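Here you get one chain, nothing else, as structure tokens; it is the form solved without ligand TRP.
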């Protein structure tokens, strides 16, 4: 049995790890977190993925408890705007496709169909009407049933870290505010301790590197190799603004991803404000040009509002677990937030760290299994993201022209051939766990315009009546839900 964990870094990565370890092992693990008082954590508004409910449940926290304390909002999906036809948008919702007579509604839609997402998903209407996913009495709109409509959240990154540090400290995590200046290694290259400015050497059995892009332990100390995705995903910078929303009722229960001239822009609706960020490649636009284009789009003349500029390290470490060090968060990997995966990567890395937790005999076969899982998680998402750029039909600036001809990860060419003939499915998407399911791959293809040439031929041999009835049910149930549900803001105000 290993006795102690030392976490270096106090961002979302560090505190999620601390909290989860305590929830998992309680007093059967000792945990110390060391974080700098002067190197700032990434603090923007952030979107999450559908698995995030599980993390809070596991911690024993109800959404009514944590969400208001993190300036929280609801994410039913992502609205993708201006990617193909100008002014055309669509939704990528957290909602599974229904199945009629062995075929999902997307197959039926192609045969007997109004946009795809509007026809096939309740969530589409909920978004258009800016509904909350809960009735005022707190009950889920589905009436677990949470899996069928697995909505996620928007929140303030600083606040969630602040809230989790409190959770973790309340449960025995030793907290040290100091800078790590040197990382000690023993005669085998294993980490022996971290040397701080004012608290001496801090030691333990297992070191978790949550130091962000920097990768102080995994890269700077251990020589872990970082594999860049720039060749297939060139976006490398971001500029963000925090914009107050004059209207409450304008609060949208979804993230928006708007294609810009040389990248794309997020809109993440928090409780009293919207975060906006322009993710771009500095090969096609300067940071200054990018700030100007962002400002023009969301806050013209608002020079009172400060712009936050960030460089991104895009890609992943070959191995996120080397010797007795595991990297969690941006130290481990990162891709642009086009599908809100940052916190997903953190949660999964942590869940899997618990599953692959080391005993006193560090098992290299177990560690290698952990490393494969982490590689597949990010590689699957990388491939899914490249699909977004390949699906985008717009070709109006040098950036979009270059996205059209840019090299692809292995396997994506095949998925694009398949997609021109028929829909991807469980057997033909990326086969290893990467968060996303079949409906996500299909929805992006259909929304962006990668559409089968013709419907599935089997369908012509079948009775269309049950599918047509299902489409009618969906439109009907939609109508009813938007009449019964409070607005996104309404519900949130009622739980503050």
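Positions refer to the first chain, counted from 1.
- Missing coordinates between residue 113 and residue 114 amount to 1 to 3 residues of the deposited sequence.
- The stretch of deposited sequence separating residue 247 from residue 248 contains no residues lacking coordinates in this entry.
- As recorded in the PDB entry, 93 to 101 is the stretch of 93 to 101 and 327 to 335 with the greater mean C-alpha temperature factor.
- Annotation for 53 to 61 versus 423 to 431: the higher mean temperature factor (C-alpha) is found in 53 to 61.
- Going by the entry's values, 241 shows the largest Cα B-factor out of 350, 312, 206, 241.
- Take 218, 385, 374, 305 and read off each C-alpha B-factor from the entry; 305 has the highest.
- Per the PDB record, residue ranking by Cα B-factor puts residue 317 in the lowest third of the chain.
- Split the chain's modelled residues into thirds by C-alpha temperature factor. Residue 406 is in the middle one.
- Per the PDB record, residue ranking by Cα B-factor puts residue 276 in the middle third of the chain.
- Compared with the other modelled residues of the chain, the Cα B-factor recorded for residue 212 ranks in the lowest third.
- The entry lists a Cα temperature factor for residue 340 that places it in the lowest third of the chain's modelled residues.
Keep in mind that the form solved in complex with ligand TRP is missing from the display, and what follows is about it.
- For the options 122, 290, 78, 265, the one in contact with ligand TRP in the entry with it bound, meaning a heavy atom within 4.5 Å, is 78.
- Residue-level contacts in the entry with it bound: of 156, 274, 107, 339, one residue has a heavy atom within 4.5 Å of ligand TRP, and it is 339.
- The candidate stretches are 24 to 32, 451 to 459, 66 to 74, 428 to 436, and the one lying within 4.5 Å of ligand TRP in the entry with it bound by heavy atoms is 428 to 436.
- By the criterion of a heavy atom within 4.5 Å, residue 94 is counted among the residues contacting ligand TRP in the entry with it bound.
- In the entry with it bound, ligand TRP lies farther than 4.5 Å from every heavy atom of residue 286.
- Shown alone here, residue 50 lies within 4.5 Å of ligand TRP in the entry with it bound, counting heavy atoms only.
- For the chain shown alone, residue 145 is a contact residue for ligand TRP in the entry with it bound, at least one non-hydrogen atom being within 4.5 angstroms.
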